[PDB]
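All remarks here apply to the structure that follows.
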Amino acid sequence: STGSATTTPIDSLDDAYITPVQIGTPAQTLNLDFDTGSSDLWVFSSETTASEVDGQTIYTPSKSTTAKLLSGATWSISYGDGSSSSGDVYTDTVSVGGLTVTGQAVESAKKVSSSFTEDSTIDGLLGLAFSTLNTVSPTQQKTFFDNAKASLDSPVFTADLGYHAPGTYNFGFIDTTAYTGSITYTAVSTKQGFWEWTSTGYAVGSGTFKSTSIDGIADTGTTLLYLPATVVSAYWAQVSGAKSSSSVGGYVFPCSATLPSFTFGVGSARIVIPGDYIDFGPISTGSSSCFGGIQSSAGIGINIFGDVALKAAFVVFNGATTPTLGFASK
């Protein structure tokens, strides 16, 4: 089997991407944030505290003839941005782009933090990291990809995120028309539950490539590119007037600037992020200070290849017995 679904930016900055997902019988379609940095499929629901729902579409298990309470199971998750959610668990039929999993754990939110309430465009998350990170207790549950894997033509999914435009998540096949050149594959460590890999270095603009190993994660659920402070300083030093602002929370730059590109290494191959992809616009409406798309990881504990980096590539998440990641230009 295979599946193919379009993913669409939630706003004009590509802050996140939503993909329609069918849950239950008859189908209830919710727009979920596919997140290769976490491993829970959770949704706004008929059980979510009413004051914490503000425009989202909700899953109502009592209207699904295939829903069943997973008795005794609870979940609770906290994300790197400080947001969180928790609740109980149903199993139900879940389909993405024509690919159907029966018995998928659908985590129903009883509580969500303010950032989720305040984002009316995201109805939940669909985690695509390794199932060892799933938070359901006392019986840990499998991700959608883990459940579908055996039925897939090939044990892979691909992320093809657009710059200010829709893109595609495919399951079970590699669309050879969606990229240019060849795909370069690189080793993955699953020891922390993430799609963790080592980039071979970087370049700023037209500058020379610096060979240096940068361990980090491929995370579709993080907006920006978070790298070591040395790398990020070298980037922003090429932008007149750019500076790190403690009050704003990162590097800012004059909105009048033209930003240089940023290149990262995948083995001997190179992925170029155009300068425009690094512009996240005014820090507040009408400001002439703009927020940068490359930020320091120093306060995180891990480097994160988020959407800024991934949307410059066609990315293969290879879930074979020994997982690997593939990157191609497009």
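In this chain, residues are counted from 1 in sequence order.
Taking CG of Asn170 as the reference point, atom OG1 of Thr7 lies at 11.5 Å (rounded to 0.5 Å). Rounding to the nearest 0.5 Å gives a distance of 10.0 Å between CD1 of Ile271 and OG of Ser199. Between atom CD1 of residue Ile10 and atom CG of residue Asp119 there is a gap of 4.5 Å, rounded to the nearest 0.5 Å. Considering OG1 of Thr66 and OH of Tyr90, their distance stands at 13.0 Å, rounded to 0.5 Å. We find the CG-CH2 distance between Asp88 and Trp75 to be 9.0 Å, quoted to the nearest 0.5 Å. Atom OG of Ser51 is separated from atom CG of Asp54 by 10.5 Å, given to the nearest 0.5 angstrom.
The hydrophobic cluster containing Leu225 also contains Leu13, counting ILVMFWY residues as joined when their side-chain heavy atoms lie under 4.5 angstrom apart, directly or transitively. The same ILVMFWY cluster, assembled from side-chain heavy atoms under 4.5 Å apart, contains both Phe280 and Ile300. By the criterion of side-chain heavy atoms lying less than 4.5 angstrom apart, applied directly or through intervening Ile, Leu, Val, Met, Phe, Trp or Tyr residues, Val156 is not grouped with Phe173; the two fall into different hydrophobic clusters. Under the 4.5 Å side-chain heavy-atom criterion for grouping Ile, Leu, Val, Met, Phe, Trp and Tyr, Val239 is not connected to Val272 through any hydrophobic cluster.
Side-chain atoms of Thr200 come within 3.5 Å of backbone atoms of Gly267 as a donor-acceptor pair (strictly under, hydrogens ignored). With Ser245 contributing its side chain and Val248 its backbone, the two residues share a donor-acceptor pair below 3.5 Å. At distances below 3.5 Å, at least one donor-acceptor pair connects side-chain atoms of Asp14 with backbone N or O atoms of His164. Between the side chain of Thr117 and the main chain of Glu52, a donor-acceptor pair closer than 3.5 Å is present. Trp236 places a side-chain N or O within donor-acceptor distance of the main-chain N or O of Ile294, the cut-off being under 3.5 Å. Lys330 contributes a side-chain N or O that, together with a main-chain N or O of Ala313, makes up a donor-acceptor pair within less than 3.5 Å. Panel note: side chain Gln140, backbone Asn134; a donor-acceptor pair is recorded below 3.5 Å. Under a 3.5 Å cut-off, the side chain of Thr186 and the backbone N or O of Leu325 do not form any donor-acceptor pair. With hydrogens and angles ignored, the 3.5 Å screen pairs a side-chain donor or acceptor of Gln141 with a backbone N or O of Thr139.
When only modelled atom types and interatomic distance are considered, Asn147 and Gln104 share a side-chain donor-acceptor pair under 3.5 Å. For the residue pair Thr60/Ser62, the side-chain donor-acceptor check at 3.5 Å is not satisfied. Judged by distance alone, the side chains of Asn303 and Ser297 do bring a donor and an acceptor atom under 3.5 Å apart. Counted by atom type alone, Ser120 and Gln56 present zero donor-acceptor pairs between their side chains at under 3.5 Å. Under the 3.5 Å distance criterion, with hydrogens and angles disregarded, no donor-acceptor pair is assigned to the side chains of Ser86 and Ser76. A donor atom on one side chain and an acceptor atom on the other are found under 3.5 Å apart for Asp92 and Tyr59. Side-chain polar atoms of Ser84 and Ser78 form no donor-acceptor pair below 3.5 angstrom. Judged purely by distance below 3.5 Å, without hydrogens or angles, the side chains of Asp307 and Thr223 never pair a donor atom with an acceptor atom. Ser83 and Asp81 share a side-chain donor-acceptor pair at under 3.5 Å. No hydrogens or angles considered: nothing links the side chains of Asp160 and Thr168 as a donor-acceptor pair under 3.5 Å.
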Next item on the list: Mind running side chain to side chain contact (heavy atoms under 4.5 Å, CB included) on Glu107 and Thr135 for me, showing each step along the way?
Entry: CA-CA 10 Å; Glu107 301 174 32; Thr135 78; 4.3 Å; yes

Next item on the list: Take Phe130 and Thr143 through the test side chain to side chain contact (heavy atoms under 4.5 Å, CB included) and record every step on the way to the result.
Entry: CA-CA 7 Å; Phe130 292 88; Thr143 68; over 6 Å; no

Note to self: Does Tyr251 form a ring-ring contact (aromatic ring centres under 6.0 Å, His included) with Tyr235? I'd like the steps, not just the answer.
What the structure shows: CA-CA 10 Å; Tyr251 279 89; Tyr235 178 81; 8.9 Å; no

Note to self: Let's go through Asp215 and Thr198 carefully: what are the C-alpha distance in whole Å and the side-chain angles of both, what is the deciding distance for side chain to side chain contact (heavy atoms under 4.5 Å, CB included) to 0.1 Å, and is it a yes or a no?
What the structure shows: CA-CA 4 Å; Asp215 179 289; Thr198 303; 4.0 Å; yes

Margin query: side chain to side chain contact (heavy atoms under 4.5 Å, CB included) for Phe34 and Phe157? Distances and angles first, verdict last.
Written below: CA-CA 12 Å; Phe34 283 23; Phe157 68 91; over 6 Å; no

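Considering only heavy atoms from C-beta on, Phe44 stays 4.5 Å or farther from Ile122 through its side chain. Side-chain contact between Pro254 and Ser240 is absent, with no heavy-atom pair separated by less than 4.5 Å. No side-chain heavy atom of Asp40 sits under 4.5 Å from any side-chain heavy atom of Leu125. Side-chain contact between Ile183 and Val316 is present, with heavy atoms from C-beta onward closer than 4.5 Å. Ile217 has its side chain within reach of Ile302: a pair of non-hydrogen atoms, C-beta onward, lies under 4.5 Å apart. In this structure, the side chains of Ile23 and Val43 come closer than 4.5 Å at one or more pairs of heavy atoms. The closest side-chain heavy-atom distance from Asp35 to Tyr79 is below 4.5 Å. Contact of the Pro323 side chain with the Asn318 side chain is not registered, since no non-hydrogen atoms from C-beta on lie closer than 4.5 Å.
The minimum heavy-atom distance between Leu99 and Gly3, with the atom names listed, is CB-CA, 3.8 Å. The minimum heavy-atom distance between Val308 and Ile273, with the atom names listed, is O-CG2, 3.7 Å. Closest of all the heavy-atom pairs between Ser46 and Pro61 is OG-CD, 3.5 Å. Nearest heavy-atom pair across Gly72 and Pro138 is O-CD, 3.7 Å. Closest heavy-atom contact between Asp153 and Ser1: OD1-N, 2.8 Å. Heavy-atom minimum distance, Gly24 versus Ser64: CA-OG, 3.2 Å.
Using cut-offs of 30° and 60° on the angle between ring planes, the pair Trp195 and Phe145 is tilted. Using the six-membered ring where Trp is involved, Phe305 and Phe264 have ring planes that are tilted, between 30° and 60° apart.
For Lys210, the NZ atom sits in a loose shell: 12 or fewer heavy atoms of surrounding residues, nucleotides or ligands are nearer than 6.0 Å.
Two rings, from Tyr169 and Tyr17, have their centers 6.0 Å or more apart.
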